[PDB]
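Take a look at this single chain, the form deposited in one PDB entry, given in structure tokens.
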């Protein structure tokens, strides 16, 4: 029942009503589970982003635990910070850092990144993934929308709602979870899978950074999923434009066999990442 689920969720959040510890609430966007408001912490004056999501209105309410548990448990230089979380009425509120550089999706819809910029983004995402994968966390929703930027070009992985924490008793999942165009073939097939699915989704995000959109984006989501499931691996449209070293980097991610697919640790050691830039190199994309 709703109250039973609410009581369980309550075990993982900070205690109390946060409404009087915040002011200046302004709605700044919406997302799949709810809204995001900017607000100000009275005690400190710190501006925070607050995700607000109704426990009754979700597709799969159990995934609300991920909104809190993952950032509670896991911290990293390239992972968004959570400050506090609360239950307010029938809503879960999660207080997060406000990243003012926006999402990578809003850059790639405008311009193509150069290779130094692609390597900078990939190195940051791979450091977060190597760390999360080592802890048994599968993200399951890697795509440019999940990548947020600070004003000085620091890259942070966000959107942990679809996460799976695997364990010794259930070391693999088989659920159909993700965003269609970025889902690995083994996820679409409902085969047992683990961390490798995030490497395939990162390869689709590299295609977004080179081409502007993922493969099959003119198809409906189900039709794209059928093509990803059955067809040979997708290619860059702009394959002619990229270095041999970048092409090799991407080829090692978009591999159908999940065992042969590169791990995050393997990719961190790839020569493509020898020419990663400084955070500053992304700042021209945000101004």
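Residue numbers count along the first chain shown, from 1. Here, rigid core means the biggest group of C-alpha atoms that superpose within 1.5 Å across both forms.
Trainee: On mean C-alpha B-factor from the PDB entry, just flag whether 249-257 or 234-242 is the higher one.
Mentor: Per the PDB entry, the higher value belongs to 234-242.
Trainee: Using only C-alpha atoms and the B-factors in the entry, which stretch averages higher, 262-270 or 20-28?
Mentor: Mean CA B-factor is higher for 20-28.
Trainee: Could you check 70, 228, 222, 37 and tell me which one carries the biggest Cα B-factor in the deposited entry?
Mentor: Of the candidates given, the C-alpha B-factor peaks at 37.
Trainee: Quick check on the deposited entry: does the C-alpha B-factor of residue 83 sit in the lowest, middle or highest third of its chain?
Mentor: Tercile = highest for this residue's CA B-factor.
Trainee: Looking at the C-alpha B-factor of residue 161, is it in the lowest, middle or highest third of its chain?
Mentor: Tercile = middle for this residue's CA B-factor.
Trainee: Please rank the C-alpha B-factors of the chain's modelled residues and tell me whether residue 141 sits in the lowest, middle or highest third.
Mentor: Bottom third by C-alpha B-factor.
Trainee: Per the entry's values, where does residue 215 land by CA temperature factor relative to the rest of its chain, in the lowest, middle or highest third?
Mentor: CA B-factor rank for residue 215: lowest third.
Trainee: Can you work out whether the C-alpha temperature factor of residue 89 puts it in the lowest, middle or highest third of the chain?
Mentor: Highest third - that is where residue 89 ends up once the chain's C-alpha B-factors are sorted.
Same protein, other form: the form deposited in another entry, not shown, and the subject of what follows.
Trainee: Using the rigid core as the fixed frame, list which single one of 52, 255, 236, 242 shifts its Cα by at least 2 angstroms between this form and the one not shown.
Mentor: If I go through the list carefully, the shifting residue is 52.
Trainee: State yes or no: after fitting on the rigid core, is the Cα displacement of residue 222 between this form and the one not shown at least 2 Å?
Mentor: No: residue 222 shifts by under 2 Å between this form and the one not shown.
Trainee: Core-aligned, does residue 194 move its Cα 2 Å or more between this form and the one not shown?
Mentor: Not so; residue 194 is displaced by less than 2 Å.
Trainee: Superposing on the rigid core, is the Cα displacement of residue 269 between this form and the one not shown 2 Å or more?
Mentor: Result for residue 269: no, shift under 2 Å.
Trainee: Kindly indicate if, in the other form, the C-alpha atoms of residue 122 and residue 33 are closer or farther apart than in the structure shown, bearing in mind the change is 3 Å or more.
Mentor: Farther apart in the other form, by 3 Å or more.
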